[PDB]
Each structure stands twice: as structure tokens, then as C-alpha cells.
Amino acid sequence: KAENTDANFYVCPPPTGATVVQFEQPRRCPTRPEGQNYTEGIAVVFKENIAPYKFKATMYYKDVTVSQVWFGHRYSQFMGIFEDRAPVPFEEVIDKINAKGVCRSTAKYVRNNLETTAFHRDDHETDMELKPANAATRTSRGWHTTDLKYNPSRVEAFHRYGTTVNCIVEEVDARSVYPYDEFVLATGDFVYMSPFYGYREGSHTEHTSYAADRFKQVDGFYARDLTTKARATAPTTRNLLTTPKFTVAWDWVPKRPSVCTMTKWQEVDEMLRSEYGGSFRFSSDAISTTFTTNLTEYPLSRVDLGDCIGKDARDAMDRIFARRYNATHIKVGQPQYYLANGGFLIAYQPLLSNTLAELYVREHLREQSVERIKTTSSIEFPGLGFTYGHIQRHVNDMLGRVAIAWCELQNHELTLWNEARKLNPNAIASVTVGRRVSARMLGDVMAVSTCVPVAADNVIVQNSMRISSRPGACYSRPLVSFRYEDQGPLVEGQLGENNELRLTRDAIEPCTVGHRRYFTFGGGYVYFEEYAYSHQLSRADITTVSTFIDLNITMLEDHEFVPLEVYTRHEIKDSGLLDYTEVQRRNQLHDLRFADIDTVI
């Protein structure tokens, strides 16, 4: 019997030829795709402009205080203070200040539908000098005639008034937003006129909310710098609006050049555009993002106040070609404007290498074939897509190759399986149908028929290989006997390879000197020597070597991506030093907290 039992035994009566099989012919090998095709190009990306129009301006006004004081024993108490900003007449600004840097000590102005007027100190008019405002960090420039408050001189038990008239001139930045038909200052003072209003060009159509005479425009003007007392070298066109409280002056410039609904966001040297099922796809190596567009360009006409765009994109695409392509490529058609999801305007100039110059004609043809645009705040998804495509591309290429390389090999080896099939039809067959079988070749095809199992506790090997029947020669393979069923009548046979029990004992070789062999037998072997038995063996007790070329794949583990913000939207909010809402709220609770708004006395 068999020490080792980790195995099975079969009997393989040659197939008649009732069952035949053929080998699958070489399959059609997959073909590498002609390719996903790109278009070299330069690009300039445009985000909706969210910056206000910014420009310096200068105000001139006069703060007028009128106080009344009661005079008594020991003390003086204010009975009332009336403050006010008075706007400066056009002529004064010119003929005084920009003339001689001085101001009247009298304010004459309209207030509440009466022409009021005010004398500093109530003394008669005096031109006073303009001396700078007291020093303040992070302020533009101011100037002021006085810095004291004139109160009525003390006469007992007799109330009276003091007019003081401080002439104030400030330089202030001025901001405004689309559609640029009014602007504001740094004082909080609104001014309800376009910044580009005027007489010159079409400006007159620009918006105004004021009476016609509150605006002047000294064409050809020269500024006298209050501090330096230097006149202006080059003349401006100077705008001057007199609102109920002040006069603001500034230089006029044309609208169209001065503003734009969009901003040049990013400049891309190499911007590769593809078309992915009728949608366009520009991706940058640098910015690592990838945008998606329609196959039609976008009409700048439809863009209100988009002058800069053309001017800006062009200026940069040309600057780029010089630094990097003066030898290198060819401009296929004029620049083209696309609008990627997320509302990012895209200026693209399709290119074409130098060496391969011949194709201008080809693509040029293809390269030839209002409102407010909003831009998302996040470049996230363009990044994702970029990242996903590149990895997708690569992976899908390589594995694709592995597919074919594989197939090429499957078809290759058939040439061996053929010849191998002729050598051991038994084994080759059984490895091909994943079960043990008997087999035979009928010319070009394989006759096969099944193989019968035999209980491993039913197999018996005979001790010698020497043949009493005919001496000199020996059975080349050990002798055995076995039963199919337990109580079944014993059968006689010769051992084969892989526990194949051959019924006929014909496998014979001449007795050679010092013969010593091992044979597959159950879960292990059995050893022989000089044609006589010795012992069995564990498969383990013999040096094992492998035909298997190793490769171990490991999985790429799951990862978890907990959401994480750099700054929480409130953190940002809280960077607001003063909170307007918080203050008005607080301010407007005062009476409710500290006095009585109900009780009539």
C-alpha cells in the first residue's frame, strides 16, 4: 500500500475514438487604437472680473459748525451744536485753490431750500492758507485752513452763537462697480454719477442723478499740488461735481479702455486641446487642470465691456511665441475664444510644429469652421478631470498592451502544445479539459475517452522489476495490482506516470547495472534500486524546484478622505474687524436697554 495518501489513482483504457476534440485555433488579436489626438496650442484664461473700477479723486468741502453756549455762574454749557459740510463753488476751487492754494473763511451754500451762508468767526471774509491735515497713518492727503472751534465769548446770563468755517480738501480713492453709473469714495460718500460722464465723446449719455449745473468740466486743466506747490506738467480733462455736501474733482478718461467685465487669469504656454465626443478639452500640464467646452467658439460681441480680452490675450500669445517658438511652430488661423464650463473664457491659438509645416491648409479650414459671464469660485473639477484623464489614459494604455501581448502569446504557444500533444497525449489532454482522461491521436485530432478512479486504499505494488517470465530484461515500470471496488476482484497492472495504472504489463527495459529510480505513487513516491524494492517517500522529502515564473499582485488599499477646510466660512467672516451688522444691531438697541421709549411725562 501507499504511505502517502494525498493523491488519487486512475485507469486509462485507450479511447476507441468515440470522443474526439480539436484545439481552438489562434484567436484574432486586439488592435492598438490609432490614438487619442491632441492639438498643440497657447492659451490665456479669463475669470469674470470682480474688482471695482478704482481711481483717485479729490474732494473739496467745508465743515461748518454753529454752537450755542449758555453762560452761568462757574460754567458754560452747550445748548446746541449744528454741524454741516458745505460744498465748494466751482469758481473757488479754480480761482482760489488750484490758483493760489487758499480758501475763503466764509461758506455760502444752499441748504434745505434756502441759500444759507457762514462767516468763520463771523469776522468778514478772509482768504486763509491751506495747511496739511495732522499726520495720520494710512490716509491719503488732506489739508485744512483752521483747526480750532470758535465759541461765542462769555457774557453772563446771555446765550449766543459761534460760526466757525473749516475749509477741507481731501484726496480720496474712488471705487465703483458695473454698470459704472455711480461711484463712491473712502468717506462712504456716494456720488450718483458715472465716473466716465462728460461732454467729450459719447460720455454725455452716461448716467447722472443731479441738476445740470452741478457739473463742470474744465477741458485742458493743470493741477497745482497743494503741498509741493508745483503746477501739473501735462493737462487733464477735469471733472467737478457739486453734490449738496461737497465738490469732488477728478480727471476724465474714456470708458471702454478704462474697464473690463473680465480678468486675464492665467497664461498657458502649452495648452492641449482635444475633442472628446464633440466636446472640447483643453488641459494644462502646469496648472494641472482640464476644461470642457463646446465645439463652437464664443462671440466677444456677446461680452459687454470686453475690450481688454482681445487686447490682452493677443498681447500675451505673441509675447509667448517669441520666447519659445520663434523657430518652433506655425499659427493655424487667428486666435479663438472658447467658454469652458465654470464660465472661464479661453483664448486659444492652435499651433503646428515646424518640421511638419505641410498641414496649415488642412486645419486652417477647421480653425475657421450682450451679457455678463459668471465664473465659479473653484477650479476643483477641472483639476479632478485633469487628474483622472491622465491616469485613465495611462492605465488604459498599458493594460491594453498587456491584453494583446497576452493574446499574442496564447496564439504563439499553440505551436508547442501541438507537438507536446503528440508526445504525451494522456497528460496534455487531461490538462486541457481540467480532468483526467485517456486519449489518442487520429491523425490531426484527438481521440479521447474517460479514465476511471480507484480507491487509494486499494493499490498494491509488486517488489521486483526482474522478470521470471523472460530474464535479462526488466519491466521499465513497477508492477501493481488493485481492485476497483473493495470487495471487487483484484486486477493486475503496471504503474505509469502520475498514478496511471496500465492494465498490460509491457513497459520493459534491459536490466542495467546499478539501477535506482523513484516513482510517483500516492501523495508521494516509492524508491527502487537494482530492480528490487526499498521504500516509499514523502513528496516533501525531496528537493523541489519550480518552473513557475513568479509575480505577486497586491491591492491598492481603500483610503478615506475626511473633509477638511483650511478656513471655515465663519473664520473668514470673523476676519472682518468691525462687523457692521453686529454694530447697527447693538447701536439700535440702545434706547431699549438704557432709557424709556414708552412713558409720557
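One rule holds for the numbers: they count along the sequence shown, beginning at 1.
**Q** How much of the deposited sequence is absent from the coordinates between residue 369 and residue 370: none, 1 to 3, 4 to 9, or 10 or more residues?
**A** The entry has 10 or more unmodelled residues between residue 369 and residue 370.
**Q** Between 378-386 and 199-207, which has the higher average C-alpha B-factor in the PDB entry?
**A** According to the entry, 199-207 carries the higher average C-alpha B-factor.
**Q** Compare the mean C-alpha B-factor of 263-271 with that of 520-528 as given in the PDB entry, and name the stretch with the higher value.
**A** The recorded data point to 520-528.
**Q** Say you rank 89, 493, 310, 80 by Cα B-factor from the PDB entry; which sits at the top?
**A** Comparing C-alpha B-factors across 89, 493, 310, 80, the maximum falls on 493.
**Q** For the CA B factor values reported in this entry, which option in 145, 432, 411, 462 has the top one?
**A** Largest recorded C-alpha B-factor: 462.
**Q** Tell me, lowest, middle or highest third: where does the Cα B factor of residue 537 rank within its chain?
**A** Top third by C-alpha B-factor.
**Q** In terms of the chain's CA B-factor thirds, is residue 578 lowest, middle or highest?
**A** Middle third of the chain for residue 578's C-alpha B-factor.
**Q** Can you tell me which third, lowest, middle or highest, the CA B-factor of residue 99 falls into for its chain?
**A** Its C-alpha B-factor belongs to the middle third of this chain's values.
**Q** Lowest, middle or highest third: where is residue 7 by Cα B-factor in its chain?
**A** According to the entry, residue 7 has a C-alpha B-factor in the chain's highest third.
**Q** What third of its chain, lowest, middle or highest, does the C-alpha temperature factor of residue 70 fall into?
**A** Highest third of the chain for residue 70's C-alpha B-factor.
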